[PDB]
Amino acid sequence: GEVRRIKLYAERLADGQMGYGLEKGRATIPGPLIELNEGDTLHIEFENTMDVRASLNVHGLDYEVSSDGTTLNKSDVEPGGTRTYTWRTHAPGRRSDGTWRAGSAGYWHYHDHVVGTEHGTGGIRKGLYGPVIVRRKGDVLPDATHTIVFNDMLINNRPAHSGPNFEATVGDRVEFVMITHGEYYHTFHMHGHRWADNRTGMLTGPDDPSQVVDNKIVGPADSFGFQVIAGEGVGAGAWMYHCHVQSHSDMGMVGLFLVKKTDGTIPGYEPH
């Protein structure tokens, strides 16, 4: 695999949240999607532009303790500081003991681990999280990828009942990365669509016995993903996605997957 390099900056946002960006002044919440193929190495030249200590910690991928992003492993970044974090990945294969070593591929995420507390409770609450996809050779690639983060009671830190909404055309392969943070369990639900509860969100064939679900319980720092064919068997329309914990949806943990016809039109709907 490739040796890759990116720049990342942690920035306080003008509304007082915090976010990672590929350029100065271009921070988003969630942070930018990082995509790698198993075997790729990624060196992230990270700069903490804030006036508090901040770090970068990744789930699932291979890193040494010097890229833990923790105070425990002396690998957080002082205010205005820089640090190069290195993520590695490996393909699956047979160990000499006969057992099978699981590859890095999966739907993963990165987050701050020092803002607020030694577990990143404040950086997480403020926005310092983002998605990482590690692909296996042969994995099917999508038309679009959309990241949905249930961070305490907000989606992608948006106010109640304020999306995000994602648009697609009927028939598109659409990938969703679904990450959870904070204090609460949630249940992720999409109307109109369903996926397999396995690595890729898709059944490998008729012999794959994976649960096919449209609703999935998640807790802080869980991540999974899937791909659907937009509107498959169900048509164009505004397909809600939402936490299914009753008060959480009532409180605004709801967005719309807007699946349009190939003429760009959608059946009329009446949003909040």
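Start at 1 with the first residue shown and count on from there.
Comparing 90-98 with 151-159, the higher mean C-alpha B-factor in the PDB entry belongs to 90-98. In this entry, 31-39 shows the higher mean Cα temperature factor of the pair 31-39 and 213-221. Looking at 169, 75, 187, 145, the one whose CA carries the top B-factor in the deposited record is 75.
Residue 234: CA B factor lies in the lowest third for its chain, per the PDB record. Among the modelled residues of its chain, residue 180 has a C-alpha B-factor that falls in the lowest third, as given in the PDB entry. Ranked against the other modelled residues of its chain, the C-alpha B-factor of residue 125 as given in the entry falls in the middle third. Residue 248: CA B factor lies in the lowest third for its chain, per the PDB record. Residue-level temperature factors show residue 201 in the middle third of its chain, judged at the C-alpha atom.
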